[PDB]
Amino acid sequence: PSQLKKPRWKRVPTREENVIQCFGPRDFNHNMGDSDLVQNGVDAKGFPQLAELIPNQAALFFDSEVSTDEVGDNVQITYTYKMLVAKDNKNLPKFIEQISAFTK
Amino acid sequence: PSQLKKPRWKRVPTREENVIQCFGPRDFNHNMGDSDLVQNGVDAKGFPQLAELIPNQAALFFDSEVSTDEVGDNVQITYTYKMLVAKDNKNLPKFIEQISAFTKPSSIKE
């Protein structure tokens, strides 16, 4: 079955069903990833190193500010998550490069 | 080997090393979870239903707005992630119960 069969928050993009197909185009509100990341998703060779700087589900849940709003027949859940990374973290420069790569 | 040996964004809380130990106390900037969730972390019996409404790491990477600010010797990365859940989603009411649960503790009846 396709990733579009799943709720948007459970999708995992790959070459076969990519970031554009699962989510949408890169834009200022959806801003991570160069064209390699977009095309290949979690299959991109840089993804495992990038994933060292992504919170896990427990951390997202317990260490976020979470808010809600009604939008038509949905409830919009906003997770605002902050993490403090040392400037000498080995994985930080690679991740900074991917922030708004679509504009760079 | 303590979860405190891992970066704060990769910790997984349990009764042994709970939410307060791994993260910090519930407040308005860290607002999810009742006292059972706080005590038992991912081993709380309510957690799997809550997990149905938490994005995965690839969804959070590719489907958030991400920014950075310098804070001294560190860089703060902010993820702001928005998801639309159908009002008839059967897992939604449990999630909502947990939002700022610290404001609404159980009365003690015995």
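Looking at the entry header, you'll see X-ray crystallography listed as the method and 1.50 Å as the resolution.

Trainee: How should I be thinking about the overall build of chain A in this particular structure?
Mentor: A tally of regular secondary structure across chain A gives 5 helices and 2 strands. Traced from its N-terminal end to its C-terminal end, chain A shows the element sequence α-α-α-α-β-β-α. When the backbone C-alpha atoms are referred to their principal axes, chain A occupies close to 45 × 35 × 25 Å. Taking contacts inside chain A between residues at least 6 apart in sequence as the whole, the part at least 24 apart equals 43%.

Trainee: Please clarify how the pairing of strand β2 (residues 74–86) of chain B should be interpreted in this entry.
Mentor: Two faces belong to every sheet, and in a regular strand the side chains alternate between them. Examined bridge by bridge, strand β2 (residues 74–86) of chain A and β2(B) share 13 bridges and lie antiparallel to one another. By the bridge assignment, A:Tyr81 is partnered in β2(B) with B:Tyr79. Note that strand β1 (residues 65–71) of chain B and β2(B) share 7 bridges and pair antiparallel. The residue of β2(B) that forms the bridge with B:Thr68 is B:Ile77. Connecting β1(B) to the next strand, β2(B), in antiparallel fashion are 2 residues, including B:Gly72 with a positive phi near 70°.

Trainee: How should the packing of aromatic side chains be read in this particular structure?
Mentor: Remark: the centre distance and the inter-plane angle together describe each pair of aromatic rings, the angle taken between the planes. Counted by the stated rule, this structure contains 13 aromatic pairs over all chains. Arranged with centres 5.9 Å apart and planes meeting at 15°, the rings of A:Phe47 and B:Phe62 form a pair that is stacked. On the criterion of chain membership, the pair formed by A:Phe47 in helix α3 (residues 47–50) and B:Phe62 in helix α4 (residues 57–62) is interchain, its members lying in two chains. Centroid distance B:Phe61 to B:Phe62: 4.9 Å. Interplanar angle 90°. Geometry classified as edge-to-face.

Trainee: Looking at this model, I keep getting lost on the interface of chain B and chain A. Mind explaining?
Mentor: When the parts of a complex come together, some accessible area is lost, and that lost area is often used as the size of the interface. Facing 58 residues of chain B, the contacting portion of chain A comprises 59 residues. When contributions to the side of chain B that touches chain A are tallied by element, the ones reaching two or more residues are α3 (47–51), α4, β1, β2 and α5 (92–98) of chain B. With 13 residues, β2(B) is the largest single contributor of residues to the side of chain B that touches chain A.

Trainee: What am I meant to see in the sheet that holds β2(B) here?
Mentor: Strands in a sheet are paired, the pairing made by backbone hydrogen bonds, and the direction either parallel or antiparallel. If you walk across this open sheet you meet the 4 strands as β1(A)-β2(A)-β2(B)-β1(B), and the pairing is antiparallel. Two strands bound the open sheet, and with one partner strand each, they are β1 (64–71) of chain A together with β1 of chain B. Along the sheet, successive strands turn relative to each other by an average axial angle of 20°, direction set aside.

Trainee: Would you mind going over unusual backbone geometry with me for this structure?
Mentor: Both trends apply: most residues other than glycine have a negative phi, and most peptide bonds are in trans. Positive phi values are uncommon outside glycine, yet A:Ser100 reaches one of about 55°. Its place among the elements puts A:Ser100 in the segment after α5 (92–98). A positive phi angle is found at B:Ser100, which is not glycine, with a value near 50°. Checked against the element boundaries, B:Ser100 lands in the segment after α5.

Trainee: How should I be thinking about the environment of A:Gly72 in this particular structure?
Mentor: Here A:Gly72 lies in the loop between β1 and β2. For the pair formed by A:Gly72 and A:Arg11, sequence separation is 61 residues and the distance between their alpha carbons is 23 Å.

Trainee: What should I look at first to understand the pattern of salt bridges in this one?
Mentor: Proximity of charged atoms lets side chains of opposite charge pair with each other. According to the stated counting rule, one finds 5 salt bridges over all chains in the structure shown. Across the pair B:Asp63 and A:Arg8 runs a salt bridge whose closest N-O atoms are separated by 2.8 Å. Pair noted here: B:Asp63 is in the loop between α4 and β1 and A:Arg8 is in the segment before α1 (19–22), and the two residues belong to different chains. A relative accessible area of 33% places A:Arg8 in the partly exposed class. With its nearest N and O atoms 2.8 Å apart, the salt bridge here joins A:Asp63 to B:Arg8. Of this pair, A:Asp63 sits in helix α4 (residues 57–63) while B:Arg8 is found in the segment before α1 (19–22), placing the two residues in two different chains. For B:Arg8, a relative accessible area of 32% gives the class partly exposed.

Conventions adopted
Residues numbered from 1 in each chain as written, not as in the entry; some residues may be left out. Chains lettered and ligands numbered in written order. Heavy atoms only, no water. Residues with missing side-chain atoms left out of burial classes, pairs and counts. Helix = DSSP H or I, 4+ residues; strand = E, 2+ residues; numbered from the N terminus. Contact = heavy atoms within 4.5 Å. Pairing = 2+ DSSP bridges. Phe/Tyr/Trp six-rings, centres within 6.5 Å; stacked < 30°, edge-to-face > 60°. Axes fitted to C-alpha atoms, helices over the stretch in contact; angles between N-to-C directions. Salt bridge = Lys/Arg side-chain N within 4 Å of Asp/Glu carboxyl O. Buried < 20%, exposed > 50% of the residue type's maximum accessible area, 1.4 Å probe, protein only.

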